[PDB]
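The numbers here are math on the coordinates, done by the rules we state, and not lab data. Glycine also receives a Cβ, built like all others from the backbone with ideal geometry; neighbour counts cover every protein chain displayed.
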Amino acid sequence: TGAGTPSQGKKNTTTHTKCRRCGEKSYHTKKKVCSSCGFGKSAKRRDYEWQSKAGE
Amino acid sequence: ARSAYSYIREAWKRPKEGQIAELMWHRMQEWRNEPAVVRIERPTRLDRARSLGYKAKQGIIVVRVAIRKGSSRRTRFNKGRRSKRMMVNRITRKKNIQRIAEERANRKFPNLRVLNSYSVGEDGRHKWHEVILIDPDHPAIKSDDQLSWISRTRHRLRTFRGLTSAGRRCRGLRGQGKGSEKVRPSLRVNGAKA
Amino acid sequence: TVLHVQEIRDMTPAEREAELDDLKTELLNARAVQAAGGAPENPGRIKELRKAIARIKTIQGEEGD
Amino acid sequence: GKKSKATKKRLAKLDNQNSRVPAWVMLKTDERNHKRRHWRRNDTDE
Amino acid sequence: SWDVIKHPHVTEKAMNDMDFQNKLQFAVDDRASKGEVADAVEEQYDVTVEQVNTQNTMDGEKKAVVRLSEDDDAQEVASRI
Amino acid sequence: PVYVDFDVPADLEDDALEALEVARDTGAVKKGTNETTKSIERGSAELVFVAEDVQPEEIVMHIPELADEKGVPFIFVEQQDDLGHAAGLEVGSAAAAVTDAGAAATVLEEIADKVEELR
RNA sequence: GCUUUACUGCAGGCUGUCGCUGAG
RNA sequence: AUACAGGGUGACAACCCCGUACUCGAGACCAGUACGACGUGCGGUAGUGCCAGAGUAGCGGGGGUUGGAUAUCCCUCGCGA
RNA sequence: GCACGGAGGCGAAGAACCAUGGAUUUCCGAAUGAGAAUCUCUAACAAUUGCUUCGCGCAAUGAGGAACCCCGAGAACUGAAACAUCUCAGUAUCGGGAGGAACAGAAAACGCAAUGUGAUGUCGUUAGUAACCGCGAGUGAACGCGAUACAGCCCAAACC
Ligand SMILES: [Cl-]
Ligand SMILES: [Cl-]
Ligand SMILES: [K+]
Ligand SMILES: [Mg+2]
Ligand SMILES: [Mg+2]
Ligand SMILES: [Mg+2]
Ligand SMILES: [Mg+2]
Ligand SMILES: [Mg+2]
Ligand SMILES: [Mg+2]
Ligand SMILES: [Mg+2]
Ligand SMILES: [Mg+2]
Ligand SMILES: [Mg+2]
Ligand SMILES: [Mg+2]
Ligand code: NA
Ligand code: NA
Ligand code: NA
Ligand code: NA
Ligand code: NA
Ligand code: NA
Ligand code: NA
Ligand code: NA
Ligand code: NA
Ligand code: NA
Ligand code: NA
Ligand code: NA
Ligand code: NA
């Protein structure tokens, strides 16, 4: 089976959803954790120093 | 004449001698059956506490903390590293055990602030320290002229910033002269080389 | 406009509440007429009805009811 | 699929945000809805 | 405080329910239960509500289909507004 | 318990606590482990009281030997609050010292004997 | 990337010692 | 013109308009600081071995860190005034 | 309101507009009664603490913030024309947290050795000096001095 086009058909599962906290469509409804703000994992908001250049 | 306290002090100079020697063998059994952080009504070292700033007052708390002995509980590298950094067993943390204790005790009491601390012995694998913590919100402390300084907003979470007793000592801040070049006024400001 | 602040404070706690429920009904009937594509509108009012109501509520709080 | 009461609400908003700039605004501004979304060509969130 | 009734839902189909079945359709706040819609309706139009069917609309509001007792007349109650 | 080397029968203790109350009214008494320590050192102590429910025991551990090398007599009390109450305090008391009895120099002296005999 | 009696180190296993640790 | 800074105005504007110099007013910070005042009482002589912070000072095993070399600062295991 | 349409309205009962103060301020959110993709289920400081009338009665914490600050964890490419110590560098990045600034701070100091200096930051200089280093490549202070600003105190104990 092609990993390409034919394997794309079975994709009707829902994972990432509108986030109650941040409003971004990153709330993984299966993990109940947001990949964008970290809602469901961290009380504090997900944030990293590498989201920008070292000296900025 | 000698203060009664002077005798407690005197017995803790050689904790493995005389009566205190037998007390420890006693307690340490009940101690190993207690939690990591246990609040206690009275300091086991009264001269020690009082000497550190303890009072028999409302808003003052003391607690015993158990921490493991030894070096760092460090995971081995999962990626590239030069031999110098492939180290695991001989790596020890840069923050002494007394200081971990003070912290674990502080977190257990979110509203309290660490005043000071002292060791109360250790066995083969624990290390115990009793920590003195003050309620900066309780009047009686807010109204005490020798403690109210800890109430100031600028003191929020002292331990976590190394403003504690053992915090500053561990920070290499003891000497005011030779040897404290990269220590004072702060490690971080000195490029962290101390 | 047709209902001033003085006049509102010259009411008794009960008059304000009487007046409030009055405005609410005028407004509700305004929205029904609007909901029926009704043209006999006069837009300056359905807007005045909202502000009036807000004044009445505002005074009620100030006066203690 | 089975939608919730919240979900239904947003889909509703989106359908509304999918209208065109009223003819009177053209006149009033002396002269484009950049958020026009087609059900087939585009994809909403959730 | 939010009010239960928002305004009457007048459409062709709302007319037929009215003329043919003595029903009044309203645009209510979605947090309102069939109970709250019933009472609010009776108190506002001084009528007897027999039944209340509701639907959360693709418009973001909640529609309510209220039937009045044979004793009241929908066509009339709606005519005065 | 580690500083306690002999058991004081309930009754003896009562006469002791009784003797203590008349002392505070008729004679002199020191309340508190520090003051009491200063009595034994200074020699102005005649009979010293030591509670047995003191925790941490460090607070009293020294009384015994200190007392013996100062010839001063001492008696054990079970409850810390009783010795407090008996001393006239609203709080408890780890130790107390009868600095010159009062209208009990007799009873007192004999308690000191009774204990000396209690080994 | 892989291999080994290539070079240098690291975990881990075995073993002596010290602490926990006491009586005859 | 104590005003020839800058802008606007149907084209190059000190004098068309805003403003600009001059003078004046207000809020904020300085700061619950400086000054002032209230209370407290500083200091000196002689005598007195009454008091003055311990797993510390110090040594040893192993690391880290530093310019710190024997002579940086720190951790950990043992010993210890 | 941006926003110059249409209709209609508000302003001398002084609107617009601006300043200060006040009212209102849905739901989710540290999110705190419980569960949930912003909704639902049947009184709530959930959790961890302090005081405690031992009743959540009175309080604290939690999250955010442009960077700055403090305490911990800590690479590799790279340089050495290879490369291991060394270097990049306590850098990137990670964990915990403070404030409007942090941190430091009134000597068990300095040691131009003196009949001298006199808390601490920071700035200039001392100096690419002293010191380190497959003594290779590289790394690298301090005292003092000239300045800025200045400020000196509280316990523990003895004796009560
Ligand atoms: Cl703290
Ligand atoms: Cl000098
Ligand atoms: K390297
Ligand atoms: Mg593939
Ligand atoms: Mg700084
Ligand atoms: Mg449509
Ligand atoms: Mg239904
Ligand atoms: Mg290095
Ligand atoms: Mg909840
Ligand atoms: Mg190279
Ligand atoms: Mg070379
Ligand atoms: Mg370097
Ligand atoms: Mg120097
Ligand atoms: Na705390
Ligand atoms: Na260092
Ligand atoms: Na689509
Ligand atoms: Na509507
Ligand atoms: Na390969
Ligand atoms: Na060592
Ligand atoms: Na508001
Ligand atoms: Na709270
Ligand atoms: Na409570
Ligand atoms: Na090269
Ligand atoms: Na190479
Ligand atoms: Na080297
Ligand atoms: Na000079």
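Rounded to the nearest 500, what is chain F's calculated 222 nm mean residue ellipticity when only DSSP H runs of at least 4 contribute -39500 (n - 2.57) each, over all residues?
On the way: 6 runs with 59 residues, N = 119.
So the helix-based figure for chain F works out to -14500 deg cm²/dmol.
Which one, B:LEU163, C:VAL2, B:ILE150, is farthest towards the positive end of the dipole of the protein assembly as shown when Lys and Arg carry +1 and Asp and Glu -1 on their Cβ?
The residue sitting most towards the positive pole is B:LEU163.
Mean separation of Cα pairs under 8 Å and 6+ residues apart, divided by the residue count of chain F: what relative contact order is that in percent?
So the answer I get is 40 percent.
Taking 7 Å along the Cα-to-C-beta vector as the label spot, tell me the C:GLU62-B:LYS182 distance in nanometres, rounded to one decimal.
Result for the modelled spin labels: 6.9 nm.
What's the average, rounded to a whole number, of partner chain beta-carbon atoms within 10 Å of each residue's beta-carbon in B:80-88?
Counting Cβ atoms of other protein chains within 10 Å of each residue's Cβ and averaging gives 0.
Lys and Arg at +1, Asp and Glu at -1: add these up for the other residues within a Cβ distance under 11 Å of B:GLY175 and post the number. Could you put the intermediate results ahead of the total?
On the way: positive: B:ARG169, B:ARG174, B:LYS178, B:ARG184; negative: B:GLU181.
In short, +3.
Cβ neighbours within 10 Å, averaged per peptide: list F:50-58, B:38-46 in order, most packed at the top.
Sorting F:50-58, B:38-46 by mean packing, highest first, produces F:50-58, B:38-46.
Quick one: compute the contact order of chain A, relative version, from alpha carbon pairs under 8 angstrom and 6+ residues apart, as a percent.
Computed over chain A, the figure is 18 percent.
Over 27 Å between C-alpha atoms is what I'm after, so list which of B:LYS127/F:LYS30; A:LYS30/A:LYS53; A:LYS44/B:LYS108; D:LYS35/E:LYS13; D:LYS13/E:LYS6; A:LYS30/D:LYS9 land there. Don't jump to the answer; show the numbers that get you there.
Details: B:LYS127/F:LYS30 38 Å; A:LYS30/A:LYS53 32 Å; A:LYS44/B:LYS108 20 Å; D:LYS35/E:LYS13 32 Å; D:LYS13/E:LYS6 18 Å; A:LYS30/D:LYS9 22 Å.
Violating the 27 Å Cα-Cα cut-off are B:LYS127/F:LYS30; A:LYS30/A:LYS53; D:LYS35/E:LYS13.
Just name one of A:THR1, C:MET11, B:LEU173: the one whose Cα is farthest towards the positive end of the charge dipole of the protein assembly as shown (beta-carbon charges, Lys/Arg +1, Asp/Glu -1).
Projecting each Cα onto the dipole axis, the largest value belongs to A:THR1.
Sort chain F into rounded, prolate or oblate with this rule: let a ≥ b ≥ c be the square roots of the eigenvalues of the Cα gyration tensor; rounded if a/c is under 1.5, and if a/c is not under 1.5, prolate when a/b is larger than b/c, oblate otherwise.
Note, shape of chain F comes out rounded.
Count, for each residue of F:35-41, the Cβ atoms from other chains sitting within 10 Å of its Cβ, then give me the mean as a whole number.
3
Roughly how many whole Å is it from the C-alpha centroid of the stretch B:152-187 to that of the stretch B:37-82?
Cα centroid of the stretch B:152-187 versus Cα centroid of the stretch B:37-82: 18 Å apart.
Quick one: putting +1 on the C-beta of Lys and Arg, -1 on the C-beta of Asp and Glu, what dipole do you get for chain C around its Cα centre, in Debye to the nearest 20?
The dipole magnitude comes to about 420 debye.
With a 10 Å radius around each residue's Cβ, average the other Cβ atoms per peptide and rank A:40-51, F:25-36, highest first.
Put in order of decreasing packing, that is F:25-36, A:40-51.
For the Cα atoms of chain E, what angle does the longest principal axis make with the long axis of helix E:12-21, in degrees from 0 to 90, nearest 10?
50 degrees
To the nearest 20 debye, what is the magnitude of the charge dipole of chain A about its Cα centre, counting +1 on the Cβ of each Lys and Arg and -1 on the Cβ of each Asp and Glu? Please report the intermediate quantities before stating the final value.
On the way: 14 positive and 4 negative charges, 80 e Å.
About 380 debye.
At 7 Å along Cα-to-Cβ for each site, give me the label-to-label distance between C:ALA18 and C:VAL2 in nm.
1.8 nm
Compute the angle between helix B:18-31 and the longest alpha-carbon principal axis of chain B, please, reported from 0 to 90 degrees and rounded to the nearest 10.
Once rounded, one gets 70 degrees.
Is there a quick way to get the dipole size of chain B? I mean about its Cα centre, with the Cβ of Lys and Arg at +1 and of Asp and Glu at -1; what is the value in debye to the nearest 20?
Charge dipole of chain B: 1740 debye, to the nearest 20.
What whole number of Å gives the distance from the Cα centroid of the stretch F:42-119 to the Cα centroid of the stretch E:43-72?
Their Cα centres are 88 Å away from one another.
Count, for each residue of E:10-19, the Cβ atoms from other chains sitting within 10 Å of its Cβ, then give me the mean as a whole number.
Averaged over the peptide's residues, the number is 1.
Rounded if a/c is under 1.5, else prolate if a/b beats b/c, else oblate: with a ≥ b ≥ c from the C-alpha gyration tensor eigenvalues square-rooted, which is chain A?
Taking the square roots of the gyration eigenvalues as a ≥ b ≥ c, chain A is oblate.
Helix B:97-108 versus the longest principal axis of chain B: what is the Cα-based angle in degrees, 0 to 90, to the nearest 10?
70 degrees
Compute the separation of the alpha-carbon centres of the stretch C:7-65 and the stretch E:2-36 and state it in Å as a whole number.
Spelled out, the Cα-based centre of one part sits 23 Å from the other.
Just add up the charged neighbours of B:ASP144: K/R +1, D/E -1, any other residue whose Cβ is under 11 Å from the Cβ of B:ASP144. The partial results should precede the final answer.
Values: positive: B:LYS55, B:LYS57, B:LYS142; negative: B:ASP145.
Computed value for this residue: +2.
Starting from chain E, pick out the chymotrypsin sites (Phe, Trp or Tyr not before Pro) whose DSSP state is loop and whose Cβ has at most 11 other Cβ atoms within 10 Å.
Working: sites: E:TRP2, E:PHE20, E:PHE26, E:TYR45; in loops: E:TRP2.
Those satisfying the criteria are E:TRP2.
What shape does chain B take by its C-alpha gyration tensor, where a ≥ b ≥ c are the square roots of the eigenvalues and a/c under 1.5 counts as rounded, a/b above b/c as prolate, and the rest as oblate?
oblate
Tell me, what is the FRET efficiency for B:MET28 and B:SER83 to the nearest 0.05, using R0 = 51 angstrom and their Cβ-Cβ distance as r?
About 0.80, to the nearest 0.05.
Report the net charge of residues surrounding B:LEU157, where surrounding means a beta-carbon distance below 12 angstrom and charges are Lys +1, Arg +1, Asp -1, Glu -1.
With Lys, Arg at +1 and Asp, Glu at -1, the net is +4.
In percent, how large is the relative contact order of the stretch B:1-114, given Cα pairs closer than 8 Å and 6 or more residues apart?
Answer for the stretch B:1-114 is 22 percent.
FRET efficiency for D:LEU11 and A:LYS31, Cβ-Cβ distance as r, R0 = 35 Å, nearest 0.05?
0.90
Among E:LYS23, E:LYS13, E:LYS63, which one moves the most in a GNM of chain E with springs linking Cα atoms closer than 10 Å?
E:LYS13
Which FRET efficiency value, to the nearest 0.05, is calculated for C:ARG50 and F:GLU117 with the Förster distance at 60 angstrom and r the Cβ-Cβ distance?
0.05
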